[PDB]
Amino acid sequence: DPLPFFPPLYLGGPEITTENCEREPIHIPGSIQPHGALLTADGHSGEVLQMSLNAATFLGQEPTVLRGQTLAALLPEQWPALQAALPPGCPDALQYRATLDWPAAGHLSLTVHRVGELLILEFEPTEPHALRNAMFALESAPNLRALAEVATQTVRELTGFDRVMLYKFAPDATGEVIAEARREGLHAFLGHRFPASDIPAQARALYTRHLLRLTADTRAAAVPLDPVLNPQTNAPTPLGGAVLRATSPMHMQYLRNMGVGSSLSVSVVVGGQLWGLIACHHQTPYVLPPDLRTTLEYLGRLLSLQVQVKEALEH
């Protein structure tokens, strides 16, 4: 039965069980994963409102100094570019990316998107023809099976992940692994099917708009935003669109129990519906840098197109 979200934990909401699963507000956890930092800022003035508690250590500045400046002063070269790329009223799915040379922290990748009157800024550390070669190989795959196999093998070669699967949703939202590339010694998930509740209906809705989520370390504690609520609204900060967003503790338990230290998946979206996932596992924690993740994002789109094409060749 579909039911509306509970309030999050920090607003006195209940703790989540196998029973009320589908009502966790996974988009507003009030916290981020510790391998990057996040700031929120007023979309018109550029006043800095919220920051992750670890921000001082990524950005090399005291909180009170950060919060006491506008983005115009903090990001003089990027602030006008942000404002042109992310105009008021734009969708929350639109992202702008730049690379910064920050004194204390080396090269940072900056990813920005806009939710209403809020700008959300994510900072992460950042670092030949493999993509072009893959694009052509995908297109020349003769059928859906060969496409799925080429796609899994390519992603594994690009990333070094221990396991890369192509998980396909059935009409009842039960899923099935239809191809996989895996490290020697791992047991096969190929052909196994998993119940629909493994990915509850509110996650699948989110996965249709924001096409990549990840869990870099399934044992890492989440880092709170400070303050936790958006001071504009005294309400929760929407983090659906932020890759740094904390993963559900239900899903992190489900991962640790499998022996997985790192998770990542890309949505494959066909005709406006979530067709399936490029899901990846690593046994140890593992951070895939932003520019490599971009390659996977591009492959997500290519695969969406090629899945349509291969399936049309099939009636």
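Start at 1 with the first residue shown and count on from there.
S.K.: Hey, how big is the hole between residue 127 and residue 128 in terms of deposited residues without coordinates: none, 1 to 3, 4 to 9, or 10 or more?
M.R.: Unresolved stretch here: 4 to 9 residues.
S.K.: Would 306 to 314 or 3 to 11 have the larger average of its C-alpha temperature factors, as given in the entry?
M.R.: Per the PDB entry, the higher value belongs to 306 to 314.
S.K.: Where do the C-alpha atoms have the higher mean temperature factor in this entry, in 54 to 62 or in 31 to 39?
M.R.: The stretch with the larger average C-alpha B-factor is 54 to 62.
S.K.: Among the choices 93, 72, 155, 112, identify the one whose CA B-factor in the record is greatest.
M.R.: The listed residue with the largest C-alpha B-factor is 72.
S.K.: In terms of recorded Cα temperature factor, pick the maximum from 247, 45, 267, 262.
M.R.: Of the candidates given, the C-alpha B-factor peaks at 45.
S.K.: Please say which third, lowest, middle or highest, residue 23 falls into when its CA temperature factor is compared across its chain.
M.R.: Highest third.
S.K.: For the chain shown, is the CA B-factor of residue 238 in the lowest, middle or highest third of its modelled residues?
M.R.: CA B-factor rank for residue 238: middle third.
S.K.: Could you look up the Cα B-factor of residue 207 in the entry and say which third of the chain it sits in: lowest, middle or highest?
M.R.: Within its chain, residue 207 is a middle-third residue by C-alpha B-factor, going by the deposited values.
S.K.: State the tercile, meaning the lowest, middle or highest third, of residue 183 with respect to the CA B-factors recorded for its chain.
M.R.: Its C-alpha B-factor belongs to the lowest third of this chain's values.
S.K.: Taking the values exactly as deposited, rank residue 282 by C-alpha B-factor within its chain and report the matching third: lowest, middle or highest.
M.R.: Residue 282: CA B-factor falls in the lowest third of its chain.
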